[PDB]
Amino acid sequence: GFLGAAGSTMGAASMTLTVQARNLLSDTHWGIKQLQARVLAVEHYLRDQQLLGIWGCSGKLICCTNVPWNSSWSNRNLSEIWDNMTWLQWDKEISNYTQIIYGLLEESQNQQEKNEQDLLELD
Amino acid sequence: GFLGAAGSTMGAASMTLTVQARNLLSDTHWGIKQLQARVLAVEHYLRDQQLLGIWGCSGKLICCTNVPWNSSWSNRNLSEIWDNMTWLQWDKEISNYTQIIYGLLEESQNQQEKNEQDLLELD
Amino acid sequence: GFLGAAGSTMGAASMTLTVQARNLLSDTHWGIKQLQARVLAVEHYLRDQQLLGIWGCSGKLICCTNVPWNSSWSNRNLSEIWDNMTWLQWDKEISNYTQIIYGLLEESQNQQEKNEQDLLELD
Amino acid sequence: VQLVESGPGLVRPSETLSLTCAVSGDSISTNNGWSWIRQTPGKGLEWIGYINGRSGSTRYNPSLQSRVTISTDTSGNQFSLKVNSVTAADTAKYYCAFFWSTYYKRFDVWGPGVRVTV
Amino acid sequence: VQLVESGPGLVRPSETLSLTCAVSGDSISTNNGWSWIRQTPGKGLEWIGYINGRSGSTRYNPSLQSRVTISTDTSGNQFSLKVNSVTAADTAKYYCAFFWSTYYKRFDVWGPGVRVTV
Amino acid sequence: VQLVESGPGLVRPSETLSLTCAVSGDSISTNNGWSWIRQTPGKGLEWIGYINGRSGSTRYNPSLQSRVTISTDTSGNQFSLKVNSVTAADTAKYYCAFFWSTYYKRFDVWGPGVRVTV
Amino acid sequence: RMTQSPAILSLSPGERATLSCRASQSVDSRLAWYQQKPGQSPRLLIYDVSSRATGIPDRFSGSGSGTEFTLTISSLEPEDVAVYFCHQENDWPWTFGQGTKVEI
Amino acid sequence: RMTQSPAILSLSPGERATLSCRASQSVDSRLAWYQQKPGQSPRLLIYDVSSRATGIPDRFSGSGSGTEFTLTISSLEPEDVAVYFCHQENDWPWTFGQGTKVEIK
Amino acid sequence: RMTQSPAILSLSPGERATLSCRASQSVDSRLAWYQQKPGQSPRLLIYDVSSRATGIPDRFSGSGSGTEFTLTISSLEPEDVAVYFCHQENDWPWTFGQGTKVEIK
Amino acid sequence: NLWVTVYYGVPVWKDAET
Ligand SMILES: *[C@@H]1O[C@H](CO)[C@@H](O)[C@H](O)[C@H]1NC(C)=O
Ligand SMILES: *[C@@H]1O[C@H](CO)[C@@H](O)[C@H](O)[C@H]1NC(C)=O
Ligand SMILES: *[C@@H]1O[C@H](CO)[C@@H](O)[C@H](O)[C@H]1NC(C)=O
Ligand SMILES: *[C@@H]1O[C@H](CO)[C@@H](O)[C@H](O)[C@H]1NC(C)=O
Ligand SMILES: *[C@@H]1O[C@H](CO)[C@@H](O)[C@H](O)[C@H]1NC(C)=O
Ligand SMILES: *[C@@H]1O[C@H](CO)[C@@H](O)[C@H](O)[C@H]1NC(C)=O
Ligand SMILES: *[C@@H]1O[C@H](CO)[C@@H](O)[C@H](O)[C@H]1NC(C)=O
Ligand SMILES: *[C@@H]1O[C@H](CO)[C@@H](O)[C@H](O)[C@H]1NC(C)=O
Ligand SMILES: *[C@@H]1O[C@H](CO)[C@@H](O)[C@H](O)[C@H]1NC(C)=O
Ligand SMILES: *[C@@H]1O[C@H](CO)[C@@H](O)[C@H](O)[C@H]1NC(C)=O
Ligand SMILES: *[C@@H]1O[C@H](CO)[C@@H](O)[C@H](O)[C@H]1NC(C)=O
Ligand SMILES: *[C@@H]1O[C@H](CO)[C@@H](O)[C@H](O)[C@H]1NC(C)=O
């Protein structure tokens, strides 16, 4: 069920990403407060979708990009991250670099679009 | 025009999907009622878009998948369904299986993602 | 920065499309007016995204299509448009053809889907 | 639809083979899948290729591309095959066929075919 | 996983090769990357091909492909290589190997290999 | 941009053919499309290949691949072509050219060309 | 390349006939089967792996996956004397296998 | 590759020339035409089937689709004698055909 | 195809060794090195150009880009006498080069 | 031997109160 993977390792947790996505879109003063809550749910949803669009990951739950991983963001074995750590733990470990990584993802997609203007079949 | 194909066969009506798609987005008491209505139209739109994304269909009006058709859902010919039946009739014919089919579509995409985690071609 | 490219030529301005996209999303009477404004911003965002979907340009900032350019819309050199004009000037020059062009883009995508349904892997 | 093949039964190596097919019951210009295929007593049936009656685009069996042309005549409501190099191995029974394959349907229409000897 | 090669090393120029590898520690039916590679003085290492133990599908080195097949029998955790048009050029040491290559991990397991003379 | 070819006017079969193109008016390191084209009486114009001055990658006409290489030199703002196996058949005037092809523009720059006897 | 193993099959009326085809590469579930009676152009029996062609008796059926496919003819009534062919439609070179003959 | 049909053309001064090229496969409208005057490297005249290159006289134009293309001029001038080449660019192995000669009487 | 230039290397104990591999086509950083200890089946050292496999000593390293690759040993211990192979994993034909040999001097 | 195909923009409706 929803968040049942919260204590799972990153590898195992990634097996069930759909369940975590499909659960995002489910007296005057009371009425206004409820409308505000519905609007925020929509605005936050759309913000995340826009980033996937910008980074070139639209429509995917798992997306591979060309931004290299920096050893200064985190230096662990690939097996250490995927098998002995959960997503909650990881998120805390690299929360400091979230904005750096997002910035790089945008720059990479912009370079890719520039390369597509080439017509020499990009080689 | 909009819903002009409602009485047409499924085959013929599949060629008007775009016109239908385009019509989905177009005193305190009164103002709240209208905001209520507008927010809901947006929420319904987004839920359909999310399902298509989950199933692996994005930006398409017609999308193919890997789920086999069950004779238990509907045991009919292709010529029968596409040439001698309308979408309204079809929708009623299989309304019993809507959730079953949707569940299968999600499972199929999840397996596809698992297969894409391999760098080995899997041939 | 946002709109910093407004005075740039179309070619140069197109180098920074992401910055213009990331800036689209963010007492009873006051509360209703603000909800009015937020709901409307969402509706406009989605409307444009739906068109990109319909035209077959979903998830892209730059999209190539199959609609020929008409000399009756604007007859200028390719180098004239891209190097000696800004996007504001261009928009004014062809504002009368906006709907014509959009209509053609929609027809083009519909034909493309019809061709895909063919299965002989030929246009 | 009915398909009728026609042309010289005997050709020489230096000559171009030219076979036509008349089509009855429908319009060439509205259908894809117009094709030429052949059988040899010593070879299984193989494809020569096909042409889109509407678009004019074609697909050909790679082994035969260098000497083969398929074209249509929509005013004649017929189409034809030309092979511009002729050898002993081209002796075969040639057929005109119509291949319809779409997401919602599948069928073939075949003509009776013609015997061609080099 | 442990891999052990087998099959006869004495092959006549007119017959096929048949080499069966035993798999121990996991099941063939749960994995992929089961493959054959050969070593000969003229070529240090030549890939042959691999099989998907979950689906049964295969992939072969295009140069060898025309005469080679790989198949499994998961009930005994075994898989095998068969080559039909086997000639002197096919003399080599053959190896059984398991190639694991995914987004989160990379490794190989090799058996000791067997020698075949044609 | 201006392009000037230079190298031996005669190369024996055991020798490597080598032509260096000087580039003036822009930097190799910024553009793409730096290429070579061969002209011979038996072949009107043959494309050889090109190099990306930003990434250093190359694409060669597959028919020449077994014996061809292209590389750049930042220091002399030049680039060069080498043929690793020379045969009499490859007697030609070799041209240095720059091909600009983008969504918004097209142009070519061609050099004088150099005849090499083999 | 496609191979049909039972090159010659001879069976008494009433005996179910089994025909087979092995592709060199996966057919990706797009195999069709044809029947060619002597003196006639081939006709389509089965157009998809298990999907029967229009006008064809229910006696004709088939199956398979990947590269291994079969054709089954129930009853084998006297009329079914023909050469039977497999056809691969999931690539460009739509290879026909060499059809085999069934004699009553 | 592609075939150039009019291997030799010979025109009275002032007459228009028509040249034609048959592609082996559709060029998908990525055809270019080049002019090679004796002793000179080829010059680009036309690209994308009918787009005229910068600095090229409006005497030159072209057309076609699929595999069937032409190169035409409104009239032939003495300065227009050159070998004219058909250049395909919709596949990596960019290919040139064997250009024909347009001679003036 | 890809080849390895230093067919035979001979180094003193503790000396730094460099091996190389040159691809005819880009491998897009999918290249691995194997060490075939005499009498043994080859084992994996390095994958994805520079990623060290589990169980491999830190003296083993590597680098490269596109088509030009290297394998290095910072200190050649007496144990590492083996044939070193270059492996391409960027296309279906998972080509092996002809591994070179490192001798201990 | 059929598979599910998903369509969006299908001209159908159901009774509703809005
Ligand atoms: C909790 O840890 C145990 C360790 O043996 C593991 O088997 C179990 O699956 C873990 N729980 C979750 C939710 O992953
Ligand atoms: C990222 O890598 C660069 C070297 O490419 C290094 O200078 C920098 O300090 C690293 N970390 C961050 C947060 O930039
Ligand atoms: C960086 O990480 C340290 C350790 O987790 C934390 O104390 C500090 O607040 C972080 N800084 C930022 C900007 O997140
Ligand atoms: C209604 O049925 C008739 C049957 O002849 C058909 O021609 C007509 O197109 C159908 N109407 C619609 C809207 O499809
Ligand atoms: C779907 O097909 C399975 C066999 O694969 C069958 O057991 C099942 O009853 C069918 N229908 C439903 C609604 O479960
Ligand atoms: C299932 O179909 C029956 C008719 O056969 C109908 O009475 C019943 O309400 C349907 N159930 C659902 C969930 O649609
Ligand atoms: C304004 O015009 C000048 C013309 O020389 C140009 O260099 C400058 O970049 C232009 N400004 C912007 C924002 O493009
Ligand atoms: C588009 O071009 C056609 C000629 O091909 C012309 O008839 C039509 O009027 C043009 N479009 C507009 C808006 O003028
Ligand atoms: C058409 O465009 C011109 C500018 O080129 C403008 O003056 C005119 O008002 C436009 N037509 C309409 C109906 O607005
Ligand atoms: C379904 O298809 C078969 C074969 O083409 C045909 O015989 C049958 O009549 C079709 N269904 C109906 C109800 O007509
Ligand atoms: C650009 O347009 C002008 C007319 O304003 C024309 O004289 C010039 O030749 C055109 N340039 C090109 C490259 O077509
Ligand atoms: C994995 O982490 C351990 C430390 O727990 C380290 O000793 C080992 O070398 C790492 N694996 C690799 C391949 O570097």
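Here are the numbers:
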| item | result |
| --- | --- |
| Simple Cβ-charge dipole of segment G:3-76, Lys/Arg +1 and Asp/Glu -1, about Cα centre, in debye nearest 20 | 180 |
| Qualifying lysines (Cα of each under 26 Å from Cα of residue B:33; at least 8 residues distant if same chain) | A:33, C:33, J:14 |
| Using a 7 Å Cα-to-Cβ projection, residue A:89 label spacings across copies, nm, ascending | 6.0, 6.1 |
| In nm, spacing of pseudo-spin labels at residue H:24 and residue H:12 (7 Å Cα→C-beta vector) | 4.0 |
| Volume of the Cα convex hull of segment H:1-48, divided per residue and given in Å³ | 111 |
| Note, ³J(HN,Hα) from phi for segment I:9-23, Karplus 6.51, -1.76, 1.60, rounded to Hz, x at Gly and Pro | 10, 9, 10, 5, x, x, 7, 7, 10, 10, 10, 9, 8, 10, 7 |
| Tensor-based shape of segment G:2-102 (alpha-carbon gyration tensor, a/c under 1.5 rounded, otherwise prolate or oblate) | prolate |
| Rounded if a/c under 1.5, otherwise prolate or oblate - chain A, Cα gyration tensor axes | oblate |
| Candidate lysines - alpha carbon under 19 Å from residue D:43, same-chain residues fewer than 8 apart omitted | D:93, G:37, G:101 |
| Long-range HN-HN contacts of residue F:61 with modeled amide H, under 5 Å | F:49 |
| Convex hull volume per residue for segment E:14-107, taking Cα atoms only, in Å³ | 110 |
| Closest Cβ on chain F to the rotation axis that carries it onto E (distance rounded to whole Å) | F:62, 9 |
| 7 Å along Cα→Cβ, label-point gaps from residue C:3 to other copies, nm, shortest first | 4.2, 4.2 |
| Per-selection Kirkwood Rh - the protein assembly as shown (Cα, Å, 1 d.p.) | 34.4 |
| Quotient of Cα Rg and 2.2 N^0.38 Å for segment G:49-92, N being how many residues it contains | 1.28 |
| Chain I: C-alpha gyration tensor shape, a/c 1.5 cut-off, then a/b vs b/c | prolate |
| Contact order relative to length of chain E, as percent, for alpha carbon pairs under 8 angstrom and 6 or more apart | 34 |
| Shortest-first nm distances, residue F:15 label point to equivalent points in other copies (7 Å, Cα→Cβ) | 5.6, 5.8 |
| Relative counts (whole %) of C-alpha pair distances in segment C:18-68, using bins that are 10 Å wide | 20, 39, 25, 12, 4, 0 |
| Hz values of 3J(HN,Hα) by residue in segment D:46-52 - Karplus curve (6.51, -1.76, 1.60), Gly and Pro given as x | 9, 7, 9, x, 8, 10, 7 |
| Under Karplus coefficients 6.51, -1.76 and 1.60, residue-wise ³J(HN,Hα) of segment G:32-43 in Hz, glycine/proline x | 10, 10, 10, 10, 10, 7, x, x, 10, 5, x, 10 |
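When we count neighbours, we look across all protein chains shown, and the Cβ atoms used for this are built from the backbone with ideal geometry, even at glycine. Read-outs throughout are calculated quantities, based only on the coordinates presented, and are distinct from any laboratory measurement.
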